[PDB]
Amino acid sequence: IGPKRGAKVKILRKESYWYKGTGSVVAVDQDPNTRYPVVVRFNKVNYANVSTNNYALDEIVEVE
Amino acid sequence: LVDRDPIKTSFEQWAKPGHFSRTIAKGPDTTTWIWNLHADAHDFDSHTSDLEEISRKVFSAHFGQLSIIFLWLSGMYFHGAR
Amino acid sequence: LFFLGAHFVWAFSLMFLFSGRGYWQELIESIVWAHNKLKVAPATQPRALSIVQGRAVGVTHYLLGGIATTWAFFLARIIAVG
Amino acid sequence: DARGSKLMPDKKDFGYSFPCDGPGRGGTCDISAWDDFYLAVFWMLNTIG
Amino acid sequence: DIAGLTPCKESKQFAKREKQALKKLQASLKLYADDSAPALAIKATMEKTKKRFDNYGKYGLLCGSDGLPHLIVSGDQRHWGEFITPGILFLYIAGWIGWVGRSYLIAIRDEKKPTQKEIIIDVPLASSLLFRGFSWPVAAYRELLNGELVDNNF
Amino acid sequence: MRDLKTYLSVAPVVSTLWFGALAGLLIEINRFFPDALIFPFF
Amino acid sequence: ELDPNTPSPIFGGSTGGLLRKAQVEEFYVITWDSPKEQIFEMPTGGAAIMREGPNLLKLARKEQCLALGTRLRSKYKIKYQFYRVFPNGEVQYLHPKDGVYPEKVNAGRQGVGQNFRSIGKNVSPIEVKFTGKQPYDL
Amino acid sequence: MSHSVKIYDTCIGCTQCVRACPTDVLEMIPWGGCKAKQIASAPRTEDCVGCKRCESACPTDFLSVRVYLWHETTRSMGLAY
Ligand code: CLA
Ligand code: CLA
Ligand code: CLA
Ligand code: CLA
Ligand SMILES: CC1=C(/C=C/C(C)=C/C=C/C(C)=C\C=C\C=C(C)\C=C\C=C(C)\C=C\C2=C(C)CCCC2(C)C)C(C)(C)CCC1
Ligand SMILES: CC1=C(/C=C/C(C)=C/C=C\C(C)=C\C=C\C=C(C)/C=C/C=C(C)/C=C/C2=C(C)CCCC2(C)C)C(C)(C)CCC1
Ligand SMILES: CC1=C(C/C=C(\C)CCC[C@H](C)CCC[C@@H](C)CCCC(C)C)C(=O)c2ccccc2C1=O
Ligand code: SF4
Ligand code: SF4
């Protein structure tokens, strides 16, 4: 803490069910290492019984 | 489930979000389930694995109908008398 | 005065009987969109009919439609001459 | 959206007549731009009536 | 006045409608309640549609042919409140259906989890919200255009 | 017993004591003025 | 078929199971381990008792063996084999090949996944209209 | 294509997730890590029919999957026979 990890993130791949609606982050990766880190969550559910899905730093874009 | 099992609540559950199949109605919201449940209010896959009661439920539902015909048709017989 | 409705309800069944499902979804969102702009929808994820529910709302209507049609057609040709 | 939407993001490279898809997601059906054309032709047979 | 023939003051075709029809529903010579206390064609059902009369009100009211009334609703002559009078009324009532729609809704999403409050309904009709709707003067009619729901909320 | 900032709940269809009734009181205005099709004012 | 009875697995008769084009195409028999003799569900409306082995009944089409399999591992055991027979023996050898129980690694085989590009924005349409210069055939 | 319905996701982990499907899928290939790191959309698919039982369970997080080969076998049909 003292930069920010999971405050609030919009989503913009334009497949994501949530897409824009901007909700919940979670334990986003501490690596240099891959291309699909970041969990996120929001309550607006989605098309499957369970959705909370993981998204990566491209782009991915704002808040701001 | 556990609002609170067995021995120690008389206290009824009305509330906390309610029931079926184990990833039970989510918490998180949907419409379909309001259509589920009128449908397949009894199927008897669920409520218990073990027939146990149900025969102990279907005798009661039967009673309700016999009354009801009766509520009926008093009505009818009324109507017919007065 | 029934014979038109229920001779309508039937000819409403086909809509429920003859149609897709992610269709009224695909539609239900355009809706859900317009809804969010004014801030008036999301909570209780509004969802289209449960493939087989849609069939449940065929059939059932196709019958209480196509049937009372004659329940009318009949009581109307024995009351009065016959 | 013959190009397609949320319930289908993909729905493409056959855009038109791919009629049907698997059950699950919400339950998915006459959601090809053909089956809306398919669905359309009932009201063109109801107006034009 | 505008084409369908004119009001009550004369609409013969209309007159003929008054008369045959109801007056015959009469024309069951009797069917007998010479005292009798129940059967009510007799009194009103006619008379309640019947002591409709060279009066109805008066109401103007256009009476096409067959002397059934047609409603122009122009802003003229007699006819203004066959749409506006009961038009703004429709508007006012609705919108205070949904002003509170956009209310026993924008009051939750909040605190500790609100995932289906909505299917039981604390307080019913919101009520509290309810009266907001008559106590709209202006209400949305400026606040919707500025602030709150505001273009940003757009 | 209910003061300020929303109150107690209610069931699935209290709409069936809202279609029936409230709305019901309205026939009750459609016989007081047994008729409409325009209306005088007050 | 008397002069050779090889049989391990025990129906009696049914209307069910394979009719002629299993001979003219591709054959599809499944085989297994067993403990002590039990009475089973089938494909094809039902049922039989097993004992032992080869324990090598043959089925119509591949969906049917695997289908027991679910069938066969509730009520358990490890060991189920399903092979594909022709008329004319081999190629396409079906459960034998490496390991079994998909959900392990030795190797890749297979699959890719992506074609040329990944899931993201095919909002982009199909492109050049089929010519035999550009990599559109895999 | 001759069976091309994308169920891919990102985790391609398969524990309390998805297995269901008559033969078609051997996966568990790994790809050089993803958490659980069993990846890909598929094993070689010229074997079985066209379910979407393929998701129904364990994410695809774009498209569902479905009918579409077109180019259609008999063995891939169910009926020849
Ligand atoms: C003596 C037997 C009787 C009994 C005791 C049962 C009992 C049962 N049936 Mg059943 N059934 C019966 C006769 C009976 N059935 C008959 C004659 C048929 C042929 C039509 C069926 C067809 C049937 C099906 C397809 C199913 C069942 C299922 C069930 C189970 C689910 C019950 C439920 O949730 O209610 C369901 C009732 C509703 C959800 C109420 C909706 C009723 C609508 C359609 C209204 C009907 C039209 C009417 C004119 C509307 C009122 C007027 C209106 C216009 C104002 C239950 C164990 C279900 C199951 O899954 O098994 C476990 C399955 O759905 N039944
Ligand atoms: C929304 C649609 C549009 C409309 C307005 C209609 C309307 C109609 N179609 Mg129709 N149709 C359409 C699109 C439409 N269609 C399309 C796209 C197709 C496919 C091409 C069809 C295929 C079709 C067929 C095959 C038929 C119709 C028929 C009908 C008519 C039935 C007669 C009637 O209603 O008398 C009007 C009078 C009344 C409704 C009086 C109502 C009084 C009663 C019901 C009481 C008051 C209501 C109360 C709430 C009911 C009690 C319920 C209570 C328990 C709450 C009706 C005019 C049928 C017909 O009659 O001839 C073709 C015929 O079956 N349609
Ligand atoms: C009270 C309302 C709420 C509000 C503010 C709106 C508002 C809107 N709806 Mg809508 N809708 C609602 C509930 C609401 N809806 C419900 C419950 C349904 C059933 C699924 C729909 C089904 C629906 C469809 C199909 C469409 C709309 C559309 C619209 C938009 C066009 C207005 C119109 O002509 O539709 C008139 C409104 C209706 C037909 C809705 C009827 C239900 C109302 C009477 C709910 C009444 C309040 C309810 C009892 C809440 C309880 C009160 C609570 C606080 C205690 C507008 C933004 C249209 C659109 O997308 O274009 C922008 C589209 O046509 N709605
Ligand atoms: C443009 C419109 C139109 C349409 C779409 C309809 C549609 C309908 N009418 Mg209808 N009708 C119309 C114009 C129309 N009508 C007109 C102008 C009139 C004159 C007033 C009527 C007078 C009328 C009456 C009196 C009745 C209907 C009924 C019906 C309904 C029966 C159809 C059905 O659902 O089962 C399909 C029906 C059948 C397969 C059986 C009917 C065929 C009969 C006539 C002869 C075949 C029997 C023969 C011995 C061999 C049997 C073969 C067997 C395998 C079926 C249907 C909703 C009736 C109803 O309630 O039906 C249940 C009621 O009988 N209509
Ligand atoms: C005079 C007159 C007229 C005229 C008309 C016109 C000219 C038209 C138009 C109109 C229009 C042009 C419309 C539109 C507008 C726009 C808009 C934009 C609107 C809006 C709105 C909204 C948004 C709403 C909302 C709400 C409310 C208010 C209620 C509750 C909530 C809600 C959400 C529902 C007519 C014809 C009638 C006839 C005669 C009379
Ligand atoms: C505007 C509006 C509206 C609308 C209305 C309408 C337009 C209607 C209609 C309707 C129609 C158009 C039709 C319907 C019909 C219905 C029905 C029909 C119901 C029921 C039934 C019954 C009760 C039956 C019985 C029976 C039996 C016993 C069995 C078989 C036979 C019979 C069927 C007889 C309302 C007011 C609502 C709301 C508000 C808005
Ligand atoms: C038309 C149609 C729909 C669309 C039909 C829908 C969305 C019907 C559901 C509408 C509900 C009943 C409206 C409920 C809203 C009110 C109950 C809420 C307010 C409460 C009141 C006081 C009015 C399908 O979902 C479908 C699914 C599968 C096969 C065919 C079809 C099909 O033909
Ligand atoms: S179903 Fe999806 S998430 Fe599950 S293992 Fe396969 S690819 Fe991964
Ligand atoms: S149903 Fe789909 S996923 Fe399953 S094996 Fe067949 S093609 Fe593969």
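Bear in mind these aren't lab numbers, they're just calculated from the coordinates by the rules spelled out. Reconstructed Cβ throughout: ideal geometry from the backbone, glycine too, with neighbour counts over all protein chains shown.
The charge dipole of chain C, taken about its Cα centre with unit charges on the Cβ atoms of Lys, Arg (+1), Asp and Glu (-1) only, comes to about 100 debye.
Taking the protein assembly as shown, the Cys residues with no second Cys beta-carbon under 4.7 angstrom are D:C20, D:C29, E:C8, E:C63, G:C65, H:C11, H:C14, H:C21, H:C34, H:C48, H:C51, H:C54. Distance between the C-alpha centres of the stretch E:38-60 and the stretch G:62-138: 83 Å, rounded to the whole angstrom. Sorted ascending by nearby beta carbons within 10 Å, beginning with the fewest, A:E59, E:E18 become A:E59, E:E18.
How large is the direction-averaged shadow of the alpha-carbon convex hull of chain E, in nm²?
17.1 nm²
Which distance in Å, rounded to a whole number, links the C-alpha centroids of the stretch H:17-66 and the stretch E:129-143? A separation of 55 Å, based on Cα centres.
Restricting to Cα pairs below 8 Å that are 6+ residues apart, what does the relative contact order work out to for the stretch E:37-154? Please round to a whole percent. It would help to have the intermediate numbers written out before the result.
Details: 47 pairs, mean separation 16.7, N = 118.
This gives 14 percent for the stretch E:37-154.
Other protein chain C-beta atoms within 10 Å of residue C-beta, averaged over G:56-69: 3. For the peptides B:61-72, H:21-32, the ranking by mean Cβ contacts within 10 Å, running from highest to lowest, is H:21-32, B:61-72. For peptide E:85-96, the mean count of partner chain Cβ atoms within 10 Å of a residue's Cβ comes to 1.
Start at zero, step by 5 Å, and the Cα-Cα distances of chain G spread as 2, 7, 13, 17, 15, 11, 8, 8, 7, 5, 4, 3, 1, 0 percent across the bins.
For the residues E:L125, E:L71, E:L61, a GNM of chain E with alpha-carbon springs under 10 Å puts the largest fluctuation on E:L125.
The stretch E:64-124 and the stretch G:6-25 have Cα centres lying 70 Å from one another.
Legend: P(r) of chain H from all alpha carbon pair distances, 5 Å bins from 0, whole percents, reading 3, 16, 25, 25, 16, 9, 4, 2, 0, 0.
Taking the Cα centre of chain A as the origin, how large is its charge dipole in debye, to the nearest 20, when only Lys and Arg (+1) and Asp and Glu (-1) carry charge on their Cβ atoms?
So the dipole magnitude of chain A works out to roughly 260 debye.
Kirkwood radius for chain A, taken over all pairs of different Cα atoms as the inverse mean of 1/r, rounds to 12.2 Å. Helix B:71-80 axis versus longest C-alpha principal axis of chain B: approximately 20°, rounded to the nearest ten.
Take each residue in C:30-42, count the other chain C-beta atoms within 10 Å of its C-beta, and the mean is 3. Only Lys, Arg, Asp and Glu carry charge here, each on its Cβ (+1 for the first two, -1 for the last two); on that basis chain E has a dipole of about 740 debye about its Cα centre. Below 13 angstrom from the Cβ of E:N153, what's the summed charge of the other residues (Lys, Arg +1; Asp, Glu -1)? Within the 13 Å Cβ shell, the charges total 0. Taking all C-alpha pairs of chain C, those more than 22 Å from each other amount to 48 percent.
Semi-axis lengths, largest first, of the ellipsoid equivalent to the stretch B:10-82 are 34, 18, 12 Å, with √(5λ) applied to each eigenvalue of the Cα gyration tensor. Peptides A:15-22, G:105-112 ordered by packing proxy, namely the average of other Cβ atoms within 10 Å per residue, highest first: A:15-22, G:105-112. In terms of other Cβ atoms within 10 Å, C:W33, F:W18 run from fewest to most in the order C:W33, F:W18.
Among D:4-17, G:25-38, G:67-80, B:7-20, the peptide with the highest mean count of other Cβ atoms within 10 Å heads the list, and the full ranking is D:4-17, G:25-38, G:67-80, B:7-20. Between E:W80, E:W136, E:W99, the GNM of chain E built on Cα springs shorter than 10 angstrom shows E:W136 fluctuating the most. Rg and Dmax, both from the Cα atoms of the stretch E:1-84 and both in Å, are 16.3, 51.
From least to most packed, judged by other beta carbons within 10 angstrom and beginning with the fewest, H:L79, D:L39 follow the order H:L79, D:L39. In this label model, C:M15 and G:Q23 are separated by 5.7 nm, measuring between points 7 Å along each Cα→Cβ vector. Gyration tensor over the Cα atoms of chain F: the corresponding equivalent ellipsoid has semi-axes (square roots of 5 times the eigenvalues, largest first) of 32, 16, 8 Å. Here the convex hull built on the C-alpha positions of the protein assembly as shown has a volume of 345 cubic angstrom per residue. Remark: for residue pairs B:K26/H:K6; A:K10/H:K6; E:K16/E:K58; A:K8/A:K44, the C-alpha separation exceeds 20 Å in B:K26/H:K6; A:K10/H:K6.
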